[PDB]
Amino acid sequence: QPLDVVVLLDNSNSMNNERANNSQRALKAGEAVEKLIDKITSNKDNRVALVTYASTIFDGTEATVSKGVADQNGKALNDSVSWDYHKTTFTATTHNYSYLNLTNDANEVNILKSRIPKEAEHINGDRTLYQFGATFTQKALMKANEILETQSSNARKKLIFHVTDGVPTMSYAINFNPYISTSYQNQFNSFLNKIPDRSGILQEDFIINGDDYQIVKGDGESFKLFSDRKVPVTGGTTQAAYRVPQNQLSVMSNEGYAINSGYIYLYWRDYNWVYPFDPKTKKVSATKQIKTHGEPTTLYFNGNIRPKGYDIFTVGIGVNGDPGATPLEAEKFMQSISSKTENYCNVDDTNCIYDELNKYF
């Protein structure tokens, strides 16, 4: 049977070529993709598609994300020196780095390959698109799956080939119910009960029905969700604050910020917090706690992708855990969202990559 392949390409900010002491993540990821496309399409029956992602799918559409910190009541502000404090969402047109239709047309293949980026955003380049540079792996997996389920069939061979540094920093929320007495652990367990092997959670028990910027967890800050909700002063122990200027003082009060003579003490916005937590009292869960983006992503993978019975190969590029994970956490995560242990390969591990692909070619 012919092979339909979706390439998943991580174009998050962590992939910028300067990162990890010039590890050239994006350049190397783009080259690996070029090589995979050429290899797959050598057989004229096979189809390819490309899903490049970061905070969202980079397909040339407009997207919105939330940014900033918040006061003690969850009221949002941006404390950056380069943005107005009201700038707590950003809206922009993404690069079209995707080819979203499986194809074996040679001219279409050429379009796909022309759309392969070799660089990611820089904090000093496009500062607007830099805001769309989180690692929302879950969303990209959902798009790759949607493509295969929509456009392939049970009789064709299907592959997801995912190239990334392995550190997701955004995820969809697990739909815990704060209003029943069932403990969060028992709620989580009931979600697991729905998958034959209990290793995942179905899409229906994620919060998906809303625009991303209002429902998603994480903003690219970290692999981790934060147990301490207070923003600390850099390198320190003490909570940071936003001094409100004289000229600015009355407008901020009017707006409703918590100002204590005359400082707004800063908290991570609540989509960065360990959850679930009671939405009224803010009491964190005393049982099950989600503490990374890796876990909800793996659960989604295992609930909704792995059962489809096709192959998922993950290729690690310059792997160190940036931001907020260790190198091992990143590997384990990548292995967690591959068909099996040996379908995670470092890009440097050419033997691993040759061996897995050999079956098809």
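Numbering starts at 1 and runs along the sequence shown.
> Got a sec? Mean C-alpha B-factor, which is higher, 201-209 or 120-128?
Replying inline: Mean C-alpha B-factor is greater for 120-128.
>> Mean CA temperature factor from the deposited coordinates, higher in 27-35 or in 297-305?
In response: Of 27-35 and 297-305, the stretch with the higher C-alpha B-factor average is 27-35.
> Which listed residue, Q138, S80, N272, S98, has the largest C-alpha temperature factor in the record?
Replying inline: When the deposited C-alpha B-factors of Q138, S80, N272, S98 are compared, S80 is largest.
> When you compare the CA B-factors of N186, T94, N254, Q214 as listed in the entry, which one comes out on top?
Replying inline: In this record, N254 carries the highest C-alpha B-factor of the candidates.
> By its CA B factor, does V315 count among the lowest, middle or highest third of the modelled residues in the chain?
Replying inline: Its C-alpha B-factor belongs to the middle third of this chain's values.
>> How does the C-alpha B factor of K143 compare with the rest of the chain: lowest, middle or highest third?
In response: For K143, the deposited C-alpha B-factor lands in the lowest third.
>> Looking at the temperature factor on the CA atom of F161, which third of the chain's modelled residues does it land in?
In response: Bottom third by C-alpha B-factor.
>> Using the temperature factors of the C-alpha atoms in this entry, rank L192 within its chain: lowest, middle or highest third.
In response: Answer is lowest: the recorded C-alpha B-factor places it there.
>> When the deposited Cα B-factors of this chain's modelled residues are ordered and cut into thirds, is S227 in the lowest, the middle or the highest one?
In response: Its C-alpha B-factor belongs to the middle third of this chain's values.
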